[PDB]
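Just below is one structure, and these are the notes that go with it.
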Amino acid sequence: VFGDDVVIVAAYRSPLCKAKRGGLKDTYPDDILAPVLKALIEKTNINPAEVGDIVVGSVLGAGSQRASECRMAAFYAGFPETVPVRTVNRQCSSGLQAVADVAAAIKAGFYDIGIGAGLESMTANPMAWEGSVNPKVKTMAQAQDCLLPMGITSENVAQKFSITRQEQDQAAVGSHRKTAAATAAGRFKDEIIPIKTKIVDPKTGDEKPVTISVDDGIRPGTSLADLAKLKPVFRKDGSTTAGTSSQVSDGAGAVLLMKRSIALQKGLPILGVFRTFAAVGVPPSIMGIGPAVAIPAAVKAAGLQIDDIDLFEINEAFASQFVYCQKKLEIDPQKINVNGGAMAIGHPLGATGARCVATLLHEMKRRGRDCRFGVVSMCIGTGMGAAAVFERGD
Amino acid sequence: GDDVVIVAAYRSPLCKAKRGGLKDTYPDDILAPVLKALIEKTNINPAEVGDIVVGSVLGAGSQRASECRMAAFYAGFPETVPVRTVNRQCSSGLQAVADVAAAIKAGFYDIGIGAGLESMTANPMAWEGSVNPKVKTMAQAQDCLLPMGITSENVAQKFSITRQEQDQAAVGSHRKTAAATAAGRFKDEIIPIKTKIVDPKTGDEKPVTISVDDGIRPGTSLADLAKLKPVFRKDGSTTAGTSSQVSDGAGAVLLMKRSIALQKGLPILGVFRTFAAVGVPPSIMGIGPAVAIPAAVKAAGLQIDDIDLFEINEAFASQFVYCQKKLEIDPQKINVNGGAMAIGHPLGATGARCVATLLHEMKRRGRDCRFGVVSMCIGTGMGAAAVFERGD
């Protein structure tokens, strides 16, 4: 416990909801994030003015608008005008990148307290390419591969590493199962911050107040034969379907970080300890192998071995990719996404990396002293991987 | 002790959006040559770079991050080198440089590139959907949505910056950028862009090499500027002539531990000391540097008088002049080769390209030019500033 260590004193998330049709479909992006930010301050009772930066991972839609929405969200959360905000984009990993950026800024002495967060409204912001494609793109295989549908990327991993259709459907079953179980056991209660918003009837245009407090994408009764009947989205002879892919979702996560010495001075319980972060490049055509490369790097940097990790949050972008990384790193599947994953809960692009920190840390805490090390990791569109090692708090 | 140093810093020429030299150049082709020049200069293996961090503001997020991955591939980086973007509005390019410095200091990696890119030709400023009615409940939130030009008028009125004072600053920026271009003071920092110009009417294509900033108008006079009308408020004093130009361009900086540069025998162009990003009132966002500069200077253990050269972005003459007066800086120390009123402000590129402009001018001025600052105001009410020390 060195005073300069970067510790987490709070980590929360919104419920994650189905894009377009889910509970947050009529909720402004700033209204998803603001309550989550505010909860960090409510939990620790720090003066919000003490926060050095609020860094928000976010992926879709126009950059300038989303950065403005983040500034407004902080104002709604009660932060004073003196506290600045920014966004970061490393695609699927943006929310975790934000946490890592705050950890780096603290270690570099830029400031002593910061917030790393993630936000996505896949309801509000489509994922389409704007304008024409540079003709030069096709002249470089790796550049062209960046334009591949993520789904095709899934199929590629499936074939190259022999991931059976059944293995894939299995993991989706295991996800829906574990997510429903966790929800019933109240394992998401501590990490979730309810969103007080509105639901609008499209036929009339009428608004009515609603409080979203639970993830709405889970399908408890999903059967291996329900999934068997699904047709491949990206190929005729493929093995990737809507049921073996993450769901499109809306949501937000946020993490409060500070020097250990500060948490001590303020007498704040430590939820977790940031240890290491890695972001590496891999081939765009099989971007799914991201964690297989990033996890070893972060673990190695943490002076650890893979077996030393007790809990993993490995994003479920595709079952194909999810299973491969498990097999490849030879990790006990009982240690991965113990409370379910994006196939069941959803993948609001920018929020995922931040919300997974909250999911990881709170679960590590519930498992007590013997759950000492955890990892958040994900594959990343255009061919990258990220991983962060976290240690138990107290 | 093992400082973060800069071993190379370059930029593209900056060109007028829509009508200028880069109008038919894709964003990845503006950035790629600048990234590549960092490697050509130092001859490092590109695989040694731990991250490429690109400030960029206006593109669709995911698309621009993909465009940056492609630019890096064009520039010869292998697939193992990762890329990402960052957005703090007008400060994004400098923020990217600070993120690399932070990452290196934190032990995340030993070498990285902080860059900035904007094609204001390709990417209009635009708001998607309706405005959260909640803004009507909180003046600061609503103020975030104010046109930047209105925040300019707010600064000019509150701090009594005269129309003449603003116009003169514009005249100076055109003369100083023209002089610097003619004297060869931009030659070291600029990487020419080999691209093409397309005739909108015929579709005829002509190959061109862009090598100079094309927004400059050396003959700009007070008389010319006094005839311009205010664009945001009929009785105001902010005009197109005293606002930054809308532009296309890129900047990129190669950073590493001092020990790694020494190991490689690479000459050090500059040393990163400190970075500050602070919040200010959104309605007068232009005051950003007046707050950020003292914070960065303080953090560096210096006083404002210790700083020899400043690159303070010319978002608007109003706030540019105000910041100079407020901080009590000799105007001869600020933007000595001119600034954005004359060569433009491609949003995300500015903070990165100003690092190149600053460091190359510090080098030229010799040993006595020891400390420099890059700083800018930031839309939605922020300021950022970094302190650099001269290299060798």
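Chain labels run A, B, ... following the order of the structure tokens; each chain numbers its residues from 1, and ligands are numbered from 1 in the order shown.
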Next item on the list: Might you pull out every residue within 6 Å of residue 291 (chain A), with only C-alpha atoms counted and same-chain residues fewer than 3 positions away left off, and present them as a PyMOL selection string?
Entry: chain A and resi 294-295+377-379+385
Distance table requested - chain A against chain B, cut-off 8 Å, only C-alpha atoms: one row per qualifying residue with the closest atom pair and its distance in Å to one decimal, ordered by chain and rising residue number, as JSON lines.
```
{"residue": "A:28", "atom": "CA", "partner": "B:132", "partner_atom": "CA", "distance": 6.5}
{"residue": "A:53", "atom": "CA", "partner": "B:277", "partner_atom": "CA", "distance": 7.9}
{"residue": "A:58", "atom": "CA", "partner": "B:61", "partner_atom": "CA", "distance": 7.9}
{"residue": "A:59", "atom": "CA", "partner": "B:61", "partner_atom": "CA", "distance": 5.2}
{"residue": "A:60", "atom": "CA", "partner": "B:61", "partner_atom": "CA", "distance": 5.2}
{"residue": "A:61", "atom": "CA", "partner": "B:60", "partner_atom": "CA", "distance": 4.8}
{"residue": "A:62", "atom": "CA", "partner": "B:60", "partner_atom": "CA", "distance": 4.4}
{"residue": "A:63", "atom": "CA", "partner": "B:57", "partner_atom": "CA", "distance": 5.3}
{"residue": "A:64", "atom": "CA", "partner": "B:57", "partner_atom": "CA", "distance": 5.4}
{"residue": "A:65", "atom": "CA", "partner": "B:127", "partner_atom": "CA", "distance": 6.2}
{"residue": "A:67", "atom": "CA", "partner": "B:87", "partner_atom": "CA", "distance": 6.9}
{"residue": "A:68", "atom": "CA", "partner": "B:380", "partner_atom": "CA", "distance": 6.5}
{"residue": "A:71", "atom": "CA", "partner": "B:380", "partner_atom": "CA", "distance": 7.2}
{"residue": "A:72", "atom": "CA", "partner": "B:141", "partner_atom": "CA", "distance": 5.0}
{"residue": "A:75", "atom": "CA", "partner": "B:141", "partner_atom": "CA", "distance": 6.4}
{"residue": "A:76", "atom": "CA", "partner": "B:141", "partner_atom": "CA", "distance": 7.8}
{"residue": "A:81", "atom": "CA", "partner": "B:279", "partner_atom": "CA", "distance": 5.4}
{"residue": "A:82", "atom": "CA", "partner": "B:279", "partner_atom": "CA", "distance": 3.9}
{"residue": "A:83", "atom": "CA", "partner": "B:279", "partner_atom": "CA", "distance": 5.2}
{"residue": "A:84", "atom": "CA", "partner": "B:279", "partner_atom": "CA", "distance": 4.7}
{"residue": "A:85", "atom": "CA", "partner": "B:88", "partner_atom": "CA", "distance": 7.2}
{"residue": "A:86", "atom": "CA", "partner": "B:88", "partner_atom": "CA", "distance": 4.7}
{"residue": "A:87", "atom": "CA", "partner": "B:87", "partner_atom": "CA", "distance": 5.1}
{"residue": "A:88", "atom": "CA", "partner": "B:86", "partner_atom": "CA", "distance": 4.3}
{"residue": "A:89", "atom": "CA", "partner": "B:85", "partner_atom": "CA", "distance": 5.1}
{"residue": "A:90", "atom": "CA", "partner": "B:84", "partner_atom": "CA", "distance": 4.7}
{"residue": "A:91", "atom": "CA", "partner": "B:62", "partner_atom": "CA", "distance": 6.2}
{"residue": "A:101", "atom": "CA", "partner": "B:99", "partner_atom": "CA", "distance": 7.2}
{"residue": "A:104", "atom": "CA", "partner": "B:106", "partner_atom": "CA", "distance": 5.2}
{"residue": "A:105", "atom": "CA", "partner": "B:102", "partner_atom": "CA", "distance": 5.3}
{"residue": "A:107", "atom": "CA", "partner": "B:106", "partner_atom": "CA", "distance": 5.3}
{"residue": "A:108", "atom": "CA", "partner": "B:105", "partner_atom": "CA", "distance": 5.2}
{"residue": "A:110", "atom": "CA", "partner": "B:275", "partner_atom": "CA", "distance": 6.8}
{"residue": "A:127", "atom": "CA", "partner": "B:62", "partner_atom": "CA", "distance": 7.4}
{"residue": "A:129", "atom": "CA", "partner": "B:63", "partner_atom": "CA", "distance": 6.2}
{"residue": "A:130", "atom": "CA", "partner": "B:60", "partner_atom": "CA", "distance": 7.5}
{"residue": "A:134", "atom": "CA", "partner": "B:26", "partner_atom": "CA", "distance": 6.5}
{"residue": "A:137", "atom": "CA", "partner": "B:70", "partner_atom": "CA", "distance": 7.5}
{"residue": "A:140", "atom": "CA", "partner": "B:74", "partner_atom": "CA", "distance": 7.8}
{"residue": "A:142", "atom": "CA", "partner": "B:73", "partner_atom": "CA", "distance": 7.3}
{"residue": "A:143", "atom": "CA", "partner": "B:70", "partner_atom": "CA", "distance": 5.1}
{"residue": "A:146", "atom": "CA", "partner": "B:66", "partner_atom": "CA", "distance": 6.8}
{"residue": "A:276", "atom": "CA", "partner": "B:108", "partner_atom": "CA", "distance": 7.7}
{"residue": "A:277", "atom": "CA", "partner": "B:108", "partner_atom": "CA", "distance": 6.9}
{"residue": "A:278", "atom": "CA", "partner": "B:108", "partner_atom": "CA", "distance": 7.2}
{"residue": "A:279", "atom": "CA", "partner": "B:82", "partner_atom": "CA", "distance": 6.8}
{"residue": "A:280", "atom": "CA", "partner": "B:82", "partner_atom": "CA", "distance": 5.5}
{"residue": "A:281", "atom": "CA", "partner": "B:80", "partner_atom": "CA", "distance": 3.8}
{"residue": "A:282", "atom": "CA", "partner": "B:80", "partner_atom": "CA", "distance": 5.4}
{"residue": "A:283", "atom": "CA", "partner": "B:79", "partner_atom": "CA", "distance": 6.0}
{"residue": "A:284", "atom": "CA", "partner": "B:79", "partner_atom": "CA", "distance": 7.8}
{"residue": "A:382", "atom": "CA", "partner": "B:66", "partner_atom": "CA", "distance": 6.6}
{"residue": "A:383", "atom": "CA", "partner": "B:79", "partner_atom": "CA", "distance": 7.6}
{"residue": "A:384", "atom": "CA", "partner": "B:82", "partner_atom": "CA", "distance": 6.4}
```
Those same residues - C-alpha atoms - I'd like them written as a PDB file, in the first residue's frame.
```pdb
ATOM      1  CA  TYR A  28     -31.037  12.218 -23.528  1.00  0.00           C
ATOM      2  CA  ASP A  53     -10.911  16.008 -14.892  1.00  0.00           C
ATOM      3  CA  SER A  58     -17.821   7.488 -26.047  1.00  0.00           C
ATOM      4  CA  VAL A  59     -17.838   6.226 -29.609  1.00  0.00           C
ATOM      5  CA  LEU A  60     -20.765   7.131 -31.850  1.00  0.00           C
ATOM      6  CA  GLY A  61     -22.072  10.333 -33.412  1.00  0.00           C
ATOM      7  CA  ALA A  62     -20.348  13.718 -33.677  1.00  0.00           C
ATOM      8  CA  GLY A  63     -17.429  14.295 -31.305  1.00  0.00           C
ATOM      9  CA  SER A  64     -18.135  17.938 -30.513  1.00  0.00           C
ATOM     10  CA  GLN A  65     -21.780  17.330 -29.581  1.00  0.00           C
ATOM     11  CA  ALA A  67     -18.207  16.413 -25.500  1.00  0.00           C
ATOM     12  CA  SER A  68     -20.718  19.223 -24.983  1.00  0.00           C
ATOM     13  CA  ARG A  71     -20.044  19.086 -19.955  1.00  0.00           C
ATOM     14  CA  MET A  72     -23.801  19.542 -19.526  1.00  0.00           C
ATOM     15  CA  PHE A  75     -23.362  20.489 -14.613  1.00  0.00           C
ATOM     16  CA  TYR A  76     -26.549  18.474 -14.023  1.00  0.00           C
ATOM     17  CA  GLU A  81     -17.760  25.168 -13.889  1.00  0.00           C
ATOM     18  CA  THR A  82     -14.140  24.853 -12.742  1.00  0.00           C
ATOM     19  CA  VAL A  83     -14.149  21.063 -13.303  1.00  0.00           C
ATOM     20  CA  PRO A  84     -13.274  20.292 -16.953  1.00  0.00           C
ATOM     21  CA  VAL A  85     -14.467  17.398 -19.108  1.00  0.00           C
ATOM     22  CA  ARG A  86     -13.260  15.568 -22.207  1.00  0.00           C
ATOM     23  CA  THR A  87     -14.029  12.429 -24.221  1.00  0.00           C
ATOM     24  CA  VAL A  88     -11.822   9.622 -25.532  1.00  0.00           C
ATOM     25  CA  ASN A  89     -12.404   7.134 -28.344  1.00  0.00           C
ATOM     26  CA  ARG A  90     -10.672   3.790 -28.757  1.00  0.00           C
ATOM     27  CA  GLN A  91     -13.858   2.204 -30.083  1.00  0.00           C
ATOM     28  CA  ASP A 101      -6.248   7.945 -18.715  1.00  0.00           C
ATOM     29  CA  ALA A 104      -2.082   7.854 -15.864  1.00  0.00           C
ATOM     30  CA  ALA A 105      -2.783  11.546 -15.159  1.00  0.00           C
ATOM     31  CA  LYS A 107       0.529   8.947 -11.600  1.00  0.00           C
ATOM     32  CA  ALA A 108       2.049  11.720 -13.747  1.00  0.00           C
ATOM     33  CA  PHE A 110      -1.403  16.171 -13.398  1.00  0.00           C
ATOM     34  CA  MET A 127     -22.840   3.639 -36.733  1.00  0.00           C
ATOM     35  CA  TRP A 129     -19.824   5.813 -42.486  1.00  0.00           C
ATOM     36  CA  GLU A 130     -20.082   9.478 -43.532  1.00  0.00           C
ATOM     37  CA  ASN A 134     -10.644   7.011 -49.743  1.00  0.00           C
ATOM     38  CA  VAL A 137      -7.964   2.209 -48.629  1.00  0.00           C
ATOM     39  CA  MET A 140      -3.605  -1.710 -48.293  1.00  0.00           C
ATOM     40  CA  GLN A 142      -4.811  -3.897 -43.321  1.00  0.00           C
ATOM     41  CA  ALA A 143      -6.500  -0.574 -44.082  1.00  0.00           C
ATOM     42  CA  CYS A 146     -10.696  -1.878 -40.930  1.00  0.00           C
ATOM     43  CA  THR A 276      -1.780  -1.833 -14.929  1.00  0.00           C
ATOM     44  CA  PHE A 277      -3.245  -1.107 -18.339  1.00  0.00           C
ATOM     45  CA  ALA A 278      -2.362  -2.341 -21.817  1.00  0.00           C
ATOM     46  CA  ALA A 279      -3.679  -1.431 -25.246  1.00  0.00           C
ATOM     47  CA  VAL A 280      -2.153  -3.312 -28.174  1.00  0.00           C
ATOM     48  CA  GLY A 281      -2.760  -3.724 -31.882  1.00  0.00           C
ATOM     49  CA  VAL A 282      -3.823  -6.950 -33.570  1.00  0.00           C
ATOM     50  CA  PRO A 283      -4.941  -7.773 -37.134  1.00  0.00           C
ATOM     51  CA  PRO A 284      -8.143  -5.877 -38.055  1.00  0.00           C
ATOM     52  CA  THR A 382     -10.215  -2.043 -36.325  1.00  0.00           C
ATOM     53  CA  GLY A 383      -7.939  -4.509 -34.530  1.00  0.00           C
ATOM     54  CA  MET A 384      -6.881  -3.756 -30.975  1.00  0.00           C
TER      55      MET A 384
END
```
Check: When you draw a straight line from CA of residue 3 (chain A) to CA of residue 311 (chain A), how long is it in Å?
Finding: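 CA of residue 3 (chain A) sits 25.4 Å away from CA of residue 311 (chain A).
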Notebook entry, point to check: Hey, what's within 7 Å of region 155-166 of chain B if we count only C-alpha atoms and toss same-chain stuff fewer than 6 positions away? As a list in words, please?
Noted result: residues 237, 242, 284, 286, 317, 318, 319 and 322 of chain B
Checklist line | Residue list (helix (DSSP H, G or I), DSSP) for region 98-298 of chain A, as number ranges by chain | finding: A: 98-107, 137-139, 141-145, 150-161, 165-184, 224-228, 242-244, 260-265, 284-298
Notebook entry, point to check: Quick one: of A:139, A:240, A:285, A:197, who's nearest to residue 34 (chain A), counting only C-alpha atoms?
Noted result: A:197
Item checked: Neighbour list for residue 120 (chain A) as a list in words, cut-off 9 Å, only C-alpha atoms, skip fewer than 2 positions in-chain ->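 Near neighbours after the sequence-gap exclusion: residues 29, 32, 57, 58, 59, 60, 118, 122, 123, 124, 125, 249, 250, 251, 252, 347, 348, 349, 350, 351 and 352 of chain A.
The coordinates place CA of residue 27 (chain A) at 11.4 Å from CA of residue 207 (chain A).
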Margin query: Restricting the calculation to only C-alpha atoms: of B:172, B:366, B:251, B:338, which residue gets closest to residue 113 (chain B)?
Written below: B:251
Item checked: Sel. of strand (DSSP E) residues, region 7-185 of chain B, as a PyMOL selection string -> chain B and resi 7-11+15-16+52-55+83-87+111-119
Write to file, as a PDB file, in the first residue's frame, the residues of the selection just made, with C-alpha atoms.
```
ATOM      1  CA  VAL B   7      12.365  14.267 -30.532  1.00  0.00           C
ATOM      2  CA  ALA B   8      10.287  15.450 -33.513  1.00  0.00           C
ATOM      3  CA  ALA B   9       7.267  17.658 -34.123  1.00  0.00           C
ATOM      4  CA  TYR B  10       5.713  18.432 -37.492  1.00  0.00           C
ATOM      5  CA  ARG B  11       2.561  19.699 -39.134  1.00  0.00           C
ATOM      6  CA  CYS B  15      -5.497  25.415 -45.609  1.00  0.00           C
ATOM      7  CA  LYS B  16      -8.814  27.220 -45.907  1.00  0.00           C
ATOM      8  CA  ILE B  52      -0.849   7.067 -31.456  1.00  0.00           C
ATOM      9  CA  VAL B  53      -3.226   9.564 -29.813  1.00  0.00           C
ATOM     10  CA  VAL B  54      -5.047  11.924 -32.164  1.00  0.00           C
ATOM     11  CA  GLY B  55      -7.011  15.003 -31.109  1.00  0.00           C
ATOM     12  CA  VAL B  83      -4.414   4.288 -32.173  1.00  0.00           C
ATOM     13  CA  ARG B  84      -7.131   6.304 -30.468  1.00  0.00           C
ATOM     14  CA  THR B  85      -8.670   9.785 -30.548  1.00  0.00           C
ATOM     15  CA  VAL B  86      -9.413  12.341 -27.861  1.00  0.00           C
ATOM     16  CA  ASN B  87     -11.750  15.300 -27.742  1.00  0.00           C
ATOM     17  CA  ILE B 111       7.450   6.074 -26.719  1.00  0.00           C
ATOM     18  CA  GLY B 112       4.282   7.540 -28.208  1.00  0.00           C
ATOM     19  CA  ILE B 113       2.847  10.017 -30.685  1.00  0.00           C
ATOM     20  CA  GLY B 114       0.487  12.858 -29.790  1.00  0.00           C
ATOM     21  CA  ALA B 115      -1.213  14.296 -32.854  1.00  0.00           C
ATOM     22  CA  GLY B 116      -4.164  16.319 -34.061  1.00  0.00           C
ATOM     23  CA  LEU B 117      -6.276  16.256 -37.234  1.00  0.00           C
ATOM     24  CA  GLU B 118      -9.237  18.213 -38.559  1.00  0.00           C
ATOM     25  CA  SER B 119     -10.874  18.480 -41.957  1.00  0.00           C
TER      26      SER B 119
END
```
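Our summary of the geometry notes that CA of residue 245 (chain A) is positioned 18.2 Å from CA of residue 327 (chain A).
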Item checked: Among the residues A:182, A:150, A:192, A:96, the one that comes closest to residue 40 (chain A) [using only C-alpha atoms] ->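 Looking at the shortest contact to residue 40 (chain A), the residue is A:192.
Nearest-residue note for residue 288 (chain A): choosing from A:227, A:263, A:389, A:158, the minimum distance belongs to A:158, counting only C-alpha atoms.
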Notebook entry, point to check: If we count only C-alpha atoms, what is near residue 368 (chain B) at a cut-off of 10 Å, once residues fewer than 4 positions away on the same chain are taken out, given as a list in words?
Noted result: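 So, after excluding close chain neighbours, the residues are residues 308, 362, 363 and 390 of chain B.
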Please write the residues from the selection above to a file, keeping N, CA and C atoms, as an mmCIF file, in the first residue's frame.
```
data_model
loop_
_atom_site.group_PDB
_atom_site.id
_atom_site.type_symbol
_atom_site.label_atom_id
_atom_site.label_comp_id
_atom_site.auth_asym_id
_atom_site.auth_seq_id
_atom_site.Cartn_x
_atom_site.Cartn_y
_atom_site.Cartn_z
ATOM 1 N N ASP B 308 9.458 32.543 -22.123
ATOM 2 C CA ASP B 308 10.040 33.314 -23.214
ATOM 3 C C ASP B 308 9.168 33.425 -24.479
ATOM 4 N N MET B 362 11.523 28.094 -30.800
ATOM 5 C CA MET B 362 12.406 28.108 -29.627
ATOM 6 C C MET B 362 13.820 27.676 -30.014
ATOM 7 N N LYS B 363 13.901 26.644 -30.842
ATOM 8 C CA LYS B 363 15.183 26.112 -31.293
ATOM 9 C C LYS B 363 15.928 27.193 -32.065
ATOM 10 N N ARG B 390 13.232 24.216 -23.604
ATOM 11 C CA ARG B 390 13.999 24.052 -24.835
ATOM 12 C C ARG B 390 14.905 22.820 -24.744
#
```
Notebook entry, point to check: Neighbours of residue 179 (chain A) within 12 Å (only C-alpha atoms; same-chain residues fewer than 6 positions away dropped), as a count of residues only?
Noted result: 26
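For the set A:273, A:165, A:153, A:329, the residue with the smallest atom-to-atom gap to residue 237 (chain A) is A:165, counting only C-alpha atoms.
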